[PDB]
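S.K.: Submitted below is the structure of interest, expressed as structure tokens.
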Amino acid sequence: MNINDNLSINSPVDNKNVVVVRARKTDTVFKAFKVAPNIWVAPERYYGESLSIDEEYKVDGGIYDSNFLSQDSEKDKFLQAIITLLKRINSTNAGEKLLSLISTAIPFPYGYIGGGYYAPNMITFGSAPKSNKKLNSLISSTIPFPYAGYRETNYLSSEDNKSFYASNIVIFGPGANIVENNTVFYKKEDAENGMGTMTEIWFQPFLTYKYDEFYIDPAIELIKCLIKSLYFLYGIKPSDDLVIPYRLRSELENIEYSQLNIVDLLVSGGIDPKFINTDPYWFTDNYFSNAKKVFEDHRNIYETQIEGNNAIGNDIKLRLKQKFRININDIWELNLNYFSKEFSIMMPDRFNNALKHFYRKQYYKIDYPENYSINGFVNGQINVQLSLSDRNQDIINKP
Amino acid sequence: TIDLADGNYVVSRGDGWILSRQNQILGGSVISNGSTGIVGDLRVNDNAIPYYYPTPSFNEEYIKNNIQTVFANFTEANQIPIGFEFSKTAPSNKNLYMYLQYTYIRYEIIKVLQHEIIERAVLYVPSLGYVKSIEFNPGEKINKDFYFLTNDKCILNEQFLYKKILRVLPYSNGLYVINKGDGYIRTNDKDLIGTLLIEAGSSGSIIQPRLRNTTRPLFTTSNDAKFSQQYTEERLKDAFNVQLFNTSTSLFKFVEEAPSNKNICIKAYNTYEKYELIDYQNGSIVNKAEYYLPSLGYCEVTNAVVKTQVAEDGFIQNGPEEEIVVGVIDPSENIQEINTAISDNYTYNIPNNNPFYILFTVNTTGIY
Amino acid sequence: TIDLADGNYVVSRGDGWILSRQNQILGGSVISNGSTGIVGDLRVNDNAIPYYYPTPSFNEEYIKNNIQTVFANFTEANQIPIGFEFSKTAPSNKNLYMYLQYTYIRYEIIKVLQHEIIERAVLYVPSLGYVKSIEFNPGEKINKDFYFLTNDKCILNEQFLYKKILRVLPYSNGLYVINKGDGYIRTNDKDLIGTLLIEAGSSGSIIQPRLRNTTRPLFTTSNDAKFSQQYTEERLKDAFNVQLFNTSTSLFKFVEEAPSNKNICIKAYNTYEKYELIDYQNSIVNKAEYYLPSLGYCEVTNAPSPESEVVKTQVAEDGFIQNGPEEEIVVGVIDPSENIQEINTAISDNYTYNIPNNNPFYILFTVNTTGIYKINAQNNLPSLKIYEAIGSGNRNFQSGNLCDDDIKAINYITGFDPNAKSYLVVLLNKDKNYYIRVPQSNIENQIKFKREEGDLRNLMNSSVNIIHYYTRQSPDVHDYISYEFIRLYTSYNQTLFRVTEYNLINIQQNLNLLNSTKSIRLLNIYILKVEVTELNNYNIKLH
């Protein structure tokens with residue numbers, strides 16, 4: 001693993017590391033930079049969300065600015081900030097392992113057009129010349145006709161629809177809300193059947209808030225987004241209806257309970273997941289059993305049909321071999337509490353997914369060449385000298 | 001320039017058309033001494049790029065509809081893979097240069113008024129290729145015409161196919177499956193794999209690979225209620241053990257080596273096997289169905305501007321005359337079996353009020 | 001003991017090495033009673049991983065980078081499958097056994113000192129295979145040397161390549177694309193598919209099955225401004241209609257059948273086709289080189305030279321060598337900057353077009369009936385350029401209207417450049433489309449088309465200048481130039497017509513402008529026509 005730190009927004013379109021691809025099947029195109037195998041960075045804002053949002057639909061605690069990340073200088077600053085964050089993550093063994101798993105964890109490929117994953121058909125080519133005595137018609141080379149016939153679902157398409165580039169993750173800028181890190185999938189159907197799909201990430205590294213007596217390192221937020229994406233890559237996303245109670249709305253004069261998805265709790269770390277996820281397990285659902293069964297089925301398919309086949313490139317085979325080396329329980333047991341200990345990073349640990357109600361955030365501007373290095377915040381997480389952002393006057397407040 | 005009646009027409013000029021300025025875009029090869037060089041292509045046909053050239057009156061949709069209405073479809077049927085190869089042996093002491101290009105079928109739509117073509121639209125559909133070779137000593141000057149083509153030309157076939165754009169059976173009641181032969185091909189070159197022109201002293205080959213579970217038969221039923229595709233397929237399996245999946249793993253190829261005197265033109269089509277499933281109640285044929293199963297192709301050798309009319313839709317048989325008739329037990333009735341063999345006498349008690357079958361065997365040969 | 005100087009070096013012992021004791025690991029095949037056996041392999045993955053044998057001075061990264069920079073890049077080639085196959089025919093009544101092994105390219109990095117080697121790091125790169133065969137009968141005793149190898153050796157010719165570690169173009173102002181030929185290969189065996197040794201009676205084969213469609217085109221421009229990979233690719237698509245650049249589905253295979261009393265060595269390389277994108281103006285101003293992959297090249301050594309001595313040699317300077325036939329195909333191209341206005345109506349005799357600021361522009365037109373036409377603007381100035389579209393008229397056809405085919409390949413017909421005033425006469429066919437380039441905001445200089453009624457047919461396809469010496473952009477040999485004006489000659493580049501104010505006559509003929517002495521005083525406003533016979537200079541002057 002080596003993060004490419006030799007790219008800039010002015011880099012030429014070489015169609016190998018810097019590309020101009022299409023956003024899904026819409027009419028827009030955007031520029032992407034590859035900083036690692038199957039990992040791309042797109043500084044421009046996310047195409048999905050519309051930049052103009054009616055005041056009715058704006059959410060509490062959000063910052064809206066349709067002019068952010070419009071100039072090239074901001075884009076280059078964002079790209080360099082993302083590369084710096086990735087280098088900081090990879091500077092530690094845990095980060096290197098996580099990034100390697102992300103790169104190798106390609107979505108499972110679909111079978112041949114006819115069906116199955118066993119073997120392709122054969123063809124012959126190159127009939128030899130008619131010898132003096134023997135016709136030599138049958139003396140010819142044998143080829144697997146649909147070599148690498150495995151159909152893939154993780155690819156970005158060029159504007160001409162005549163070229164495709166591999167990609168598992170694509171880190172975009174923030175959408176309509178300037179401060180809202182998010183992770184979205186490419187195909188909902190493939191994120192739950194165990195096949196997996198590519199993930200898109202919206203990240204904002206230029207703003208952070210102060211909790212208690214320390215600042216929040218954006219690397220932790222990026223790691224959280226990557227862990228959430230891991231679920232999409234393995235196609236083990238639970239149904240949106242699998243929620244659990246998270247907090248009792250005491251302030252209300254009614255019996256109302258706030259709910260959180262299982263993935264968010266399992267990933268966000270903190271103390272909340274410790275009461276759930278006990279020995280023995282007091283909370284259970286068919287989701288875990290179905291996921292384990294499908295994972296075992298896919299592993300058996302790979303071991304009995306993929307390894308033997310000699311008519312497909314190793315780029316997919318070796319990655320799939322390493323993808324299934326780990327177990328689903330390892331992913332479920334992976335949370336921010338491990339990286340906090342590994343990186344010695346302080347983060348909110350109680351109800352960190354519902355901090356909007358408890359106290360209002362004040363945002364500070366981060367200059368990355370200066371305030372943040374490959375070793376984290378300059379002068380530490382406590383004594384870093386940052387400046388309050390000028391966007392704090394535009395925070396939406398809907399009680 | 002045209003003897004047809006006034007109105008709009010659709011014309012096919014046949015395969016073998018080579019475009020201009022596209023000679024060497026696919027690269028070339030160099031051979032030395034006695035080495036033999038083979039160059040060819042093998043496409044899945046999934047990616048198709050027909051070249052359109054429309055007119056105000058003739059738009060893309062108009063051309064596509066009016067063409068696929070008669071000639072071979074190239075949108076959804078452009079899925080069968082294609083493959084071709086050419087091979088040349090260089091002389092003892094010299095060097096050979098070979099360069100390859102694609103060949104296209106040229107379709108046209110024209111509007112004739114007062115016996116003169118006043119509007120023309122063009123469509124080019126990829127079909128096989130063509131290889132040009134030259135033996136050169138170092139420093140030899142080559143005529144530019146061998147490298148650069150400045151006008152489209154017909155190499156293999158010069159044709160003009162136009163269309164106006166406006167017995168007693170002594171059988172018994174019951175099902176029957178008749179294999180009526182092999183080598184069936186649709187008319188108007190709708191199954192044509194293509195034609196190859198091998199220059200003197202060279203060799204050429206046309207290959208027809210097949211993807212698994214990707215074979216399309218042709219089904220025509222006079223009553224979808226009784227003779228459904230599943231029903232006729234099941235009856236075919238019962239009578240002959242016909243299964244579609246086994247025709248997808250096969251592959252065939254035709255090879256021709258031209259002499260040193262003249263060139264050789266080889267034309268290759270896909271073929272079919274015709275199975276007629278019939279019901280022969282009361283002596284007539286109440287229902288009938290035709291099932292055409294992919295065969296291993298058919299080939300012919302030509303030897304190289306009369307206008308011709310597109311023939312009516314139908315099939316032409318190039319294989320030997322054949323008619324194999326096999327009866328099949330009607331699935332509607334039920335079959336019961338008598339385990340014990342009939343020794344010298346038996347009185348089997350009928351086990352319904354509907355027609356049925358009784359299956360038995362004789363424990364000793366003799367007249368019963 | 002080397003005879004070079006001190007310091008490190010990069011050495012390439014070449015291809016055709018077989019390791020020791022890895023002889024029969026791949027297995028063998030047995031043939032009998034006139035049968036034929038074909039074995040082979042595809043160097044794709046799990047078998048294309050180089051073997052490193054480093055020394056503390058030279059680590060794996062050092063070796064890899066140093067060899068890849070100078071010699072063939074194997075990391076990229078490790079993903080593109082290449083197949084090889086040996087075929088052998090057994091005799092009528094006997095048995096044959098044939099076994100296969102891999103052949104490796106051997107690279108060494110060394111540290112010479114006082115003419116003595118004191119370090120050696122080795123890299124083995126899998127390249128191809130080698131099949132060893134023997135006809136036998138039961139009970140025969142085979143020499144142990146046939147199966148087992150105790151030390152590595154080079155079955156091919158030994159080598160010790162090393163590298164110490166530290167004319168007149170009569171064109172018109174505009175773009176051009178020159179195809180310089182096929183069969184270009186980089187030096188130092190940098191584009192070598194591999195080498196095969198075929199024993200007597202066998203038949204080798206090297207195939208590129210295009211199992212992966214990727215390719216490695218090479219680009220080299222003299223100015224990144226106004227030129228780029230995308231720009232040159234688009235210009236080529238306009239000129240030669242190239243659709244695929246970094247992709248291909250065409251296979252090339254080479255087969256050689258060695259005789260019954262010798263051994264053969266076939267080398268297979270990847271080839272390239274050279275496209276030069278010049279920007280001639282007045283003197284080349286810019287140049288780009290595009291090397292589009294071709295379908296390979298094959299060389300046949302009848303037999304290795306007898307073992308005499310491994311003569312040391314140094315790597316040639318980075319460059320290209322052409323092995324295919326020499327050619328130079330020139331195709332004009334429309335400059336995208338200039339705008340082109342299409343005329344929706346076909347042009348008849350006596351037509352007028354209103355110029356509709358000082359930038360050059362294009363106009364596309366076609367005639368209604370084949371003939372000779374005279375094009376002259378208001379006041380016979382500014383001078384214009386007339387190009388013919390290549391391949392037009394063999395496609396979409398609408399009577400009495402222009403149905404352009406978007407053909408951007410323009411072949412120069414006739415033109416002149418600046419301030420000189422002149423009018424052109426050109427023969428045009430009904431079908432073909434034509435472009436006119438107009439340079440140069442005063443009153444609109446309407447372009448007037450006149451269908452000459454068999455009057456100026458003598459001055460066919462020429463530009464008449466409305467004019468003591470005078471020079472102007474000369475045309476290519478066998479072309480015509482004309483002037484409307486008692487001595488006249490040519491300066492470096494080596495006729496008389498009487499005008500009736502608008503009939504024409506023949507005053508003089510066979511007037512050799514390369515004479516310097518012209519005393520005619522013909523008893524005839526006159527027209528002097530010169531046909532270039534030897535383009536000895538860029539410009540031709542009439543004095």
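Following the order of the structure tokens, first chain is A, next is B, and so on, with residues numbered from 1 inside each chain and ligands from 1 in the order they appear.
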Can you tell me which residues surround stretch 205-215 of chain A at a distance of at most 8 Å, considering only C-alpha atoms, apart from same-chain residues fewer than 4 positions away, and format the answer as a list in words?
M.R.: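 The contact residues come out as residues 78, 81, 82, 179, 346, 347, 348, 361, 362, 363, 364, 365, 366, 367, 368, 381, 382 and 389 of chain A.
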S.K.: Could I get the residues of chain B with an atom no further than 7 Å from an atom of chain A, each paired with its nearest atom pair and that distance in Å to one decimal, using only C-alpha atoms, sorted by chain and residue number, as a tab-separated table?
M.R.:
```
residue	atom	partner	partner_atom	distance
B:38	CA	A:126	CA	6.3
B:209	CA	A:123	CA	6.6
B:211	CA	A:121	CA	6.7
B:212	CA	A:114	CA	5.2
B:213	CA	A:114	CA	4.8
B:214	CA	A:114	CA	5.9
B:249	CA	A:121	CA	6.5
```
S.K.: Which of stretch 137-305 of chain B end up as helix (DSSP H, G or I) when DSSP is run on this backbone - answer as a list in words?
M.R.: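 Reading the DSSP output for stretch 137-305 of chain B, helix (DSSP H, G or I) covers residues 144, 145, 146, 229, 230, 231, 232, 233, 234, 235, 236, 237, 238, 239, 240, 244, 245, 246, 247, 281, 282 and 283 of chain B.
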S.K.: State, in Å with one decimal place, the distance from atom CA of residue A:175 to atom CA of residue A:398.
M.R.: 19.8 Å
S.K.: Could you pull the residues within 8 Å of stretch 127-140 of chain B, counting only C-alpha atoms, minus those fewer than 6 positions along the same chain, as a ChimeraX atom specification?
M.R.: /B:15-16,82-84,86,90,94-105,193-197 /C:325-326
S.K.: Keeping only N, CA, C and O atoms, write the selected residues as a compact mmCIF listing (two decimals), in the first residue's frame.
M.R.:
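Writing done, so here's part24.txt:
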```txt
# COMPACT_ATOMS: atom_id res chain seq x y z
N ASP B 15 -22.11 -8.19 -48.34
CA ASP B 15 -20.93 -7.94 -47.52
C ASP B 15 -19.72 -7.70 -48.41
O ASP B 15 -19.81 -7.72 -49.65
N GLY B 16 -18.58 -7.47 -47.78
CA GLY B 16 -17.34 -7.25 -48.51
C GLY B 16 -17.02 -5.81 -48.82
O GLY B 16 -16.14 -5.56 -49.66
N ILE B 82 -18.40 -13.86 -33.45
CA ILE B 82 -17.86 -14.12 -34.78
C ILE B 82 -16.35 -14.24 -34.68
O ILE B 82 -15.73 -13.73 -33.74
N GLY B 83 -15.77 -14.92 -35.65
CA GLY B 83 -14.33 -15.11 -35.67
C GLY B 83 -13.81 -15.47 -37.04
O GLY B 83 -14.40 -16.29 -37.75
N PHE B 84 -12.69 -14.88 -37.43
CA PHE B 84 -12.08 -15.16 -38.72
C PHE B 84 -10.57 -15.14 -38.59
O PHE B 84 -10.01 -14.54 -37.68
N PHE B 86 -6.75 -15.42 -41.15
CA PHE B 86 -6.00 -15.54 -42.40
C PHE B 86 -4.58 -15.93 -42.06
O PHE B 86 -4.02 -15.50 -41.05
N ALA B 90 5.59 -17.03 -45.75
CA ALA B 90 6.52 -16.18 -46.48
C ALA B 90 7.49 -17.03 -47.30
O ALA B 90 7.74 -18.19 -46.99
N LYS B 94 12.88 -13.55 -48.21
CA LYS B 94 12.17 -12.30 -48.43
C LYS B 94 11.40 -11.98 -47.16
O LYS B 94 11.38 -12.77 -46.21
N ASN B 95 10.78 -10.81 -47.14
CA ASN B 95 9.97 -10.36 -46.01
C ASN B 95 8.57 -10.02 -46.49
O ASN B 95 8.38 -9.50 -47.59
N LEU B 96 7.59 -10.34 -45.65
CA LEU B 96 6.18 -10.15 -45.96
C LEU B 96 5.56 -9.16 -44.98
O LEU B 96 5.85 -9.19 -43.79
N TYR B 97 4.69 -8.29 -45.49
CA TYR B 97 3.93 -7.37 -44.67
C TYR B 97 2.45 -7.63 -44.89
O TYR B 97 1.99 -7.65 -46.04
N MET B 98 1.72 -7.83 -43.80
CA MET B 98 0.29 -8.08 -43.85
C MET B 98 -0.43 -7.00 -43.06
O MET B 98 0.01 -6.62 -41.97
N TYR B 99 -1.53 -6.48 -43.60
CA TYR B 99 -2.35 -5.53 -42.86
C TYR B 99 -3.82 -5.88 -43.04
O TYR B 99 -4.25 -6.25 -44.13
N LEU B 100 -4.57 -5.75 -41.95
CA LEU B 100 -5.94 -6.24 -41.86
C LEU B 100 -6.90 -5.07 -41.67
O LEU B 100 -6.58 -4.08 -41.02
N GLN B 101 -8.10 -5.22 -42.23
CA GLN B 101 -9.16 -4.25 -42.05
C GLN B 101 -10.49 -4.99 -41.95
O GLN B 101 -10.58 -6.17 -42.30
N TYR B 102 -11.51 -4.30 -41.46
CA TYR B 102 -12.83 -4.90 -41.36
C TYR B 102 -13.56 -4.79 -42.69
O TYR B 102 -13.27 -3.93 -43.52
N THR B 103 -14.52 -5.69 -42.88
CA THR B 103 -15.44 -5.64 -44.01
C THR B 103 -16.85 -5.42 -43.49
O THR B 103 -17.21 -5.94 -42.43
N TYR B 104 -17.64 -4.65 -44.23
CA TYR B 104 -18.97 -4.26 -43.80
C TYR B 104 -20.00 -4.62 -44.86
O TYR B 104 -19.69 -4.73 -46.05
N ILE B 105 -21.23 -4.82 -44.40
CA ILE B 105 -22.39 -4.91 -45.27
C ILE B 105 -22.97 -3.51 -45.42
O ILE B 105 -23.11 -2.78 -44.42
N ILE B 193 -23.18 -16.02 -41.85
CA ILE B 193 -22.04 -15.62 -41.04
C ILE B 193 -21.20 -14.61 -41.80
O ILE B 193 -20.76 -13.60 -41.25
N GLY B 194 -20.96 -14.87 -43.07
CA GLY B 194 -20.26 -13.91 -43.91
C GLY B 194 -19.45 -14.60 -44.98
O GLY B 194 -19.40 -15.83 -45.07
N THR B 195 -18.79 -13.78 -45.80
CA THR B 195 -17.98 -14.26 -46.91
C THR B 195 -16.55 -13.77 -46.75
O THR B 195 -16.31 -12.64 -46.31
N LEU B 196 -15.60 -14.62 -47.12
CA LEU B 196 -14.18 -14.33 -47.02
C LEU B 196 -13.53 -14.54 -48.38
O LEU B 196 -13.81 -15.53 -49.07
N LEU B 197 -12.65 -13.61 -48.74
CA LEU B 197 -11.89 -13.65 -49.99
C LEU B 197 -10.44 -13.92 -49.63
O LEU B 197 -9.74 -13.03 -49.14
N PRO C 325 7.88 -2.21 -44.28
CA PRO C 325 8.14 -1.41 -45.48
C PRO C 325 8.04 0.08 -45.19
O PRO C 325 7.27 0.52 -44.34
N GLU C 326 8.85 0.85 -45.91
CA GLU C 326 8.88 2.29 -45.73
C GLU C 326 7.70 2.93 -46.47
O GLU C 326 7.44 2.61 -47.63
```
S.K.: As a PyMOL selection string, which residues of stretch 90-336 of chain B does DSSP assign to strand (DSSP E)?
M.R.: chain B and resi 95-112+117-136+153-154+161-164+175-186+192-198+202-208+218-221+252-257+264-269+272-279+287-294+298-302+308-309+315-317+321-327+334-336
S.K.: With only C-alpha atoms counted and 9 Å as the cut-off, give the residues of chain C in contact with chain B, each with its shortest interatomic distance in Å and the pair that gives it, as CSV.
M.R.:
```
residue,atom,partner,partner_atom,distance
C:182,CA,B:28,CA,6.8
C:183,CA,B:30,CA,6.9
C:207,CA,B:38,CA,8.9
C:239,CA,B:21,CA,7.5
C:240,CA,B:21,CA,5.1
C:241,CA,B:22,CA,6.3
C:242,CA,B:25,CA,5.8
C:243,CA,B:25,CA,8.2
C:244,CA,B:25,CA,8.4
C:248,CA,B:26,CA,7.7
C:249,CA,B:41,CA,6.2
C:250,CA,B:41,CA,4.7
C:251,CA,B:40,CA,5.4
C:252,CA,B:39,CA,4.5
C:253,CA,B:38,CA,5.0
C:254,CA,B:37,CA,4.7
C:255,CA,B:36,CA,5.1
C:256,CA,B:35,CA,4.8
C:257,CA,B:35,CA,7.6
C:266,CA,B:35,CA,8.5
C:271,CA,B:29,CA,7.7
C:272,CA,B:27,CA,7.8
C:273,CA,B:27,CA,7.2
C:292,CA,B:27,CA,7.7
C:293,CA,B:27,CA,6.6
C:294,CA,B:27,CA,3.9
C:295,CA,B:29,CA,4.7
C:296,CA,B:29,CA,5.1
C:297,CA,B:30,CA,4.7
C:298,CA,B:31,CA,5.5
C:299,CA,B:32,CA,5.7
C:300,CA,B:32,CA,6.3
C:323,CA,B:30,CA,7.7
C:324,CA,B:30,CA,6.3
C:325,CA,B:136,CA,6.8
C:326,CA,B:139,CA,6.7
C:327,CA,B:142,CA,7.1
C:328,CA,B:144,CA,8.3
C:329,CA,B:144,CA,7.1
C:390,CA,B:150,CA,6.3
C:391,CA,B:151,CA,5.1
C:392,CA,B:151,CA,8.1
C:394,CA,B:152,CA,6.8
C:395,CA,B:122,CA,6.0
C:396,CA,B:121,CA,4.7
C:397,CA,B:120,CA,4.7
C:398,CA,B:119,CA,4.3
C:399,CA,B:118,CA,4.9
C:400,CA,B:118,CA,8.4
C:403,CA,B:55,CA,7.0
C:405,CA,B:53,CA,7.0
C:409,CA,B:21,CA,8.9
```
S.K.: Next, dump the selected residues to file, keeping only C-alpha atoms, as a PDB file, in the first residue's frame.
M.R.:
```
ATOM      1  CA  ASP C 182       4.497  -0.167 -39.605  1.00  0.00           C
ATOM      2  CA  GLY C 183       6.991  -2.342 -37.776  1.00  0.00           C
ATOM      3  CA  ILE C 207       0.352 -16.369 -30.210  1.00  0.00           C
ATOM      4  CA  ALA C 239      -8.034  11.955 -40.392  1.00  0.00           C
ATOM      5  CA  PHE C 240      -7.809   8.145 -40.356  1.00  0.00           C
ATOM      6  CA  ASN C 241     -11.031   7.386 -38.429  1.00  0.00           C
ATOM      7  CA  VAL C 242      -9.132   5.547 -35.689  1.00  0.00           C
ATOM      8  CA  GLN C 243     -11.771   4.387 -33.205  1.00  0.00           C
ATOM      9  CA  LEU C 244      -9.714   2.307 -30.746  1.00  0.00           C
ATOM     10  CA  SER C 248      -7.649  -4.121 -29.695  1.00  0.00           C
ATOM     11  CA  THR C 249      -9.245  -7.487 -30.446  1.00  0.00           C
ATOM     12  CA  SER C 250      -6.988  -8.606 -33.319  1.00  0.00           C
ATOM     13  CA  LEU C 251      -4.789 -11.659 -32.773  1.00  0.00           C
ATOM     14  CA  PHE C 252      -1.382 -12.343 -34.303  1.00  0.00           C
ATOM     15  CA  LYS C 253       0.312 -15.741 -34.322  1.00  0.00           C
ATOM     16  CA  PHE C 254       3.632 -16.887 -35.784  1.00  0.00           C
ATOM     17  CA  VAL C 255       4.449 -20.506 -36.649  1.00  0.00           C
ATOM     18  CA  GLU C 256       7.763 -21.927 -37.866  1.00  0.00           C
ATOM     19  CA  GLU C 257       8.448 -25.565 -38.767  1.00  0.00           C
ATOM     20  CA  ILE C 266      12.310 -17.396 -33.760  1.00  0.00           C
ATOM     21  CA  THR C 271       5.377  -3.605 -33.389  1.00  0.00           C
ATOM     22  CA  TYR C 272       4.188  -0.014 -33.676  1.00  0.00           C
ATOM     23  CA  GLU C 273       2.886   2.326 -36.367  1.00  0.00           C
ATOM     24  CA  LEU C 292      -0.116   2.856 -32.272  1.00  0.00           C
ATOM     25  CA  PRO C 293       0.456  -0.857 -31.533  1.00  0.00           C
ATOM     26  CA  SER C 294       0.568  -3.080 -34.614  1.00  0.00           C
ATOM     27  CA  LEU C 295       0.332  -6.881 -34.900  1.00  0.00           C
ATOM     28  CA  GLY C 296       3.951  -7.754 -34.130  1.00  0.00           C
ATOM     29  CA  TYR C 297       7.101  -8.753 -35.983  1.00  0.00           C
ATOM     30  CA  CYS C 298       8.941 -12.066 -36.316  1.00  0.00           C
ATOM     31  CA  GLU C 299      12.648 -12.668 -36.942  1.00  0.00           C
ATOM     32  CA  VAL C 300      14.095 -16.079 -37.809  1.00  0.00           C
ATOM     33  CA  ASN C 323      11.427  -3.329 -39.808  1.00  0.00           C
ATOM     34  CA  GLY C 324       8.382  -3.036 -42.072  1.00  0.00           C
ATOM     35  CA  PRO C 325       8.137  -1.411 -45.478  1.00  0.00           C
ATOM     36  CA  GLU C 326       8.878   2.295 -45.734  1.00  0.00           C
ATOM     37  CA  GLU C 327       5.886   4.538 -46.396  1.00  0.00           C
ATOM     38  CA  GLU C 328       4.774   8.138 -45.944  1.00  0.00           C
ATOM     39  CA  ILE C 329       1.023   8.710 -46.299  1.00  0.00           C
ATOM     40  CA  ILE C 390     -11.587  12.635 -49.126  1.00  0.00           C
ATOM     41  CA  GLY C 391     -14.158   9.878 -49.523  1.00  0.00           C
ATOM     42  CA  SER C 392     -17.191  12.141 -49.856  1.00  0.00           C
ATOM     43  CA  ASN C 394     -19.787   7.586 -51.770  1.00  0.00           C
ATOM     44  CA  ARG C 395     -22.487   7.744 -49.086  1.00  0.00           C
ATOM     45  CA  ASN C 396     -25.557   9.809 -48.130  1.00  0.00           C
ATOM     46  CA  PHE C 397     -26.998  11.516 -51.222  1.00  0.00           C
ATOM     47  CA  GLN C 398     -29.835  14.053 -51.417  1.00  0.00           C
ATOM     48  CA  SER C 399     -30.571  15.630 -54.787  1.00  0.00           C
ATOM     49  CA  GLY C 400     -30.190  19.399 -54.819  1.00  0.00           C
ATOM     50  CA  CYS C 403     -25.718  16.050 -46.921  1.00  0.00           C
ATOM     51  CA  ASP C 405     -20.631  13.072 -44.080  1.00  0.00           C
ATOM     52  CA  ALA C 409      -9.890  14.664 -44.144  1.00  0.00           C
TER      53      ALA C 409
END
```
S.K.: With a distance threshold of 12 Å and counting only C-alpha atoms, extract the residues of chain A near chain C and express them as a PyMOL selection string.
M.R.: chain A and resi 12-16+123-134+136+138-149+160+162-164+310-318
S.K.: Rounded to one decimal place, report the atom CA of residue C:107-atom CA of residue C:123 distance in Å.
M.R.: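 One can read the atom CA of residue C:107 to atom CA of residue C:123 distance as 5.1 Å.
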S.K.: Using only C-alpha atoms, which residues sit within 10 Å of residue C:383 once same-chain residues fewer than 6 positions away are excluded, as a list in words?
M.R.: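 Contacts, in chain order: residues 375, 376, 377, 415, 416, 417, 418, 419, 420, 421, 422, 423, 424, 437, 438, 439, 440, 463, 464 and 465 of chain C.
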S.K.: Using only C-alpha atoms, determine which residues lie at most 8 Å from residue A:241, disregarding the query and same-chain residues fewer than 2 positions distant; provide the list as a ChimeraX atom specification.
M.R.: /A:239,243,261
S.K.: Let me see the file: selected residues, N, CA and C atoms, as a CSV table (one decimal), in the first residue's frame.
M.R.:
```csv
chain,number,residue,atom,x,y,z
A,239,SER,N,-31.6,-4.5,6.9
A,239,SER,CA,-32.8,-3.8,6.4
A,239,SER,C,-32.9,-2.5,7.2
A,243,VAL,N,-34.1,-1.4,13.6
A,243,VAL,CA,-33.6,-0.3,14.5
A,243,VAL,C,-33.7,-0.8,15.9
A,261,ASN,N,-30.2,2.8,13.7
A,261,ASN,CA,-29.9,1.6,13.0
A,261,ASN,C,-28.8,0.8,13.6
```
S.K.: Find the residues near residue A:66: any atom within 12 Å, counting only C-alpha atoms, skip ones fewer than 3 places away on the same chain, and give them as a ChimeraX atom specification.
M.R.: /A:44-46,49-53,63,69-71,174-178
S.K.: Identify which of the residues B:289, B:185, B:206, B:200 lies closest to residue B:227, counting only C-alpha atoms when measuring atom-to-atom distances.
M.R.: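 Closest to residue B:227, using only C-alpha atoms: B:289.
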S.K.: Residues within 9 Å of residue A:343, please, as a list in words. Count only C-alpha atoms; anything in the same chain fewer than 3 positions from it doesn't count.
M.R.: residues 89, 92, 94, 338, 339 and 340 of chain A
S.K.: Could you state the separation of atom CA of residue C:471 and atom CA of residue C:537 in Å, given to one decimal place?
M.R.: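 Spanning atom CA of residue C:471 to atom CA of residue C:537 is a straight-line distance of 11.2 Å.
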